[PDB]
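Step one of this worksheet: look at the structure below.
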Amino acid sequence: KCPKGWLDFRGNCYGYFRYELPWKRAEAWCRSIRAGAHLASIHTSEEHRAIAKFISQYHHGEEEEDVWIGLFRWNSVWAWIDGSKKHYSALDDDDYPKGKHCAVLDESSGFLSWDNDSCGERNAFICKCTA
């Protein structure tokens with residue numbers, strides 16, 4: 001019983017939205033569009049693969065098509081905004097004092113890599129909710 005247009009994968013529903021919002025506003029929009037939803041957490045490589053395939057089937061702009069997920073940095077540590085425990089990462093985690101504390105799926109790698117972006121930047125986003 002996933003909403004029309006949402007990905008159904010292993011007990012969860014995922015909604016891809018091309019509305020380009022800053023990270024905190026994207027999280028707020030997810031919570032509002034479906035009861036219990038959040039920016040997506042990703043806990044296995046198979047979940048990651050399914051999400052990338054789902055997004056890649058949509059029509060995109062030429063460039064700058066990164067997609068927010070629910071990973072954010074606070075007190076120097078990355079965590080999921082849905083409160084779930086971390087089990088999987090495709091984020092590089094490198095020597096960055098650049099002030100970029102919110103994660104995206106990177107379009108240039110077919111959403112294979114996660115990158116960190118400034119939380120005020122506008123990006124498309126993907127929501128997740130339990131079925």
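Bear in mind that the values in this text are calculations on the coordinates, not laboratory data. Heads up, the Cβs are rebuilt from the backbone with ideal geometry, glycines too, and the neighbour counts pull from every protein chain shown.
For the pairs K1/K100; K4/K53; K4/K98, flag any whose C-alpha to C-alpha distance is greater than 27 Å. The answer is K1/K100; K4/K98.
Each residue of the stretch 79-89 was assigned a 3J(HN,Hα) from its phi angle through the Karplus curve 6.51 cos²θ - 1.76 cosθ + 1.60 (θ = phi - 60°); the sequence is 8, 8, 5, 7, x, 6, 5, 6, 10, 7, 9 Hz, with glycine and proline shown as x. Explain nothing, just compute: Karplus ³J(HN,Hα) = 6.51 cos²θ - 1.76 cosθ + 1.60, θ = phi - 60°, for every residue of the stretch 26-41 in order, whole Hz, x for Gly and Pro. For the stretch 26-41, the Karplus-derived couplings read 5, 4, 4, 5, 4, 4, 7, 7, 8, 4, x, 7, 8, 3, 5, 8 Hz, x marking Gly and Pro.
Within the chain, the ratio Rg/Rh, alpha carbon atoms throughout and Rh by Kirkwood, equals 0.93.
When the chymotrypsin sites (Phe, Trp or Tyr not before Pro) in the stretch 60-117 are filtered for DSSP coil states and for at most 16 other beta-carbon atoms within 10 Å of their beta-carbon, the remaining sites are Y88. Sparse packing (at most 12 other Cβ atoms within 10 Å of the Cβ) combined with a DSSP loop state is found for the following trypsin sites (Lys or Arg not before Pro) in the stretch 58-131: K85, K98. Applying a 4.7 Å Cβ-Cβ cutoff to the chain leaves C129 as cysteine residues with no disulfide-compatible partner. Exposure proxy ranking for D94, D82, based on other Cβ atoms within 10 angstrom of each Cβ and starting from the fewest, stands as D94, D82.
Per-residue ellipticity at 222 nm computed for the chain from its helices equals -5500 deg cm²/dmol, with DSSP H segments shorter than 4 residues left out and the rest contributing -39,500 (n - 2.57).
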